[PDB]
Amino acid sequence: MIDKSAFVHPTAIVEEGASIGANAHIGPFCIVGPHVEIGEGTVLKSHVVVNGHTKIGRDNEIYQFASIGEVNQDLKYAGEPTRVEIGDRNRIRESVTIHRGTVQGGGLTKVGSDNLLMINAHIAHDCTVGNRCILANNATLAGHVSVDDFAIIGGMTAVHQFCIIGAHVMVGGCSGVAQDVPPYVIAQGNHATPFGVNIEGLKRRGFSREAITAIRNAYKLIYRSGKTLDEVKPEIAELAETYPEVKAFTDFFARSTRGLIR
C-alpha cells in the first residue's frame, strides 16, 4: 500500500503490492515493482527502476537512471526470488546499479546505512556493504564482495569476487583488488598492495592516539615482522585484549578466504 502522505508522480508506475512509506517521494518516470518496500521519507528523483524482492529504508536519496533490485549478471542465476536490502540515509547517485542475490550465494545483496554510492557504482549479487562507506565513480564490486564499515573504494576501482574490504580501509582510485584487505589499511595498485594504516581516516573518526598506535603495531606484525599469518594471529589477539579496536583484525581473519593483499 501507498501511504497517504507519500507523493507518487502521475507519470511514475508503482505496481500494486508495492509498499511506499510516509512522506516518500516517487518522481517522474520511475518504476516500482510489486515486491518493493520503500521506507519513510525516501526520495526517488526521476527515471529510477526498482524491482525484485527489495526493501529500502528511510530517508534515502536515489538519483536518476539508477537500477535497484535488478536481475544480477551471474550466468548461474535463473530468475529465483532473491533479495536486496538497503538501509537508511543512503545517497545513491546517477546510474548506480544494485543487483539481487543468487540462491548459490545466499540469496541476498545488502547495503547498510549512511553510504555514498557515486555515479555508476556497481553492487553485484550477494555483496554486503556496511555503514558509512564511499564508493566513488565507476567503483565496481564483483559478486559476493564485502565492504565493511567506513571503507572507501576509489574511482575507477574494481574488486574481485569474494574479496573483503576491511573496516576503515581506503582503496585508491584506478586500482584492482584481487585479495582481502585487512581493516584500517591503505590499498593501491593493480593488483592492489598495502601502503600502511589509514591514519587520517581514524583520526577524523575519533580513534585515540593509543588505538591508532596499536593498529599500526598490528599492521607491522602482519606486514613487517616477516612471520606467517598463523604466527601473528595470537599476537594480534593478545594486543586486542588491551586495545579493543585491534579486535577488528581477528574478526576479519575468520571471514577472509582469498588471502591478504601483500
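Quick note: we count residues from 1 along the sequence shown, nothing fancier.
The PDB entry reports B-factors from which the mean C-alpha value can be compared for 138-146 and 187-195; the larger average falls on 187-195.
For the pair 206-214 and 224-232, the record assigns the higher mean C-alpha temperature factor to 224-232. Out of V43, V48, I56, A237, the entry records its largest CA B-factor for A237. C174 sits in the highest third of its chain by CA B factor, as recorded in the PDB entry.
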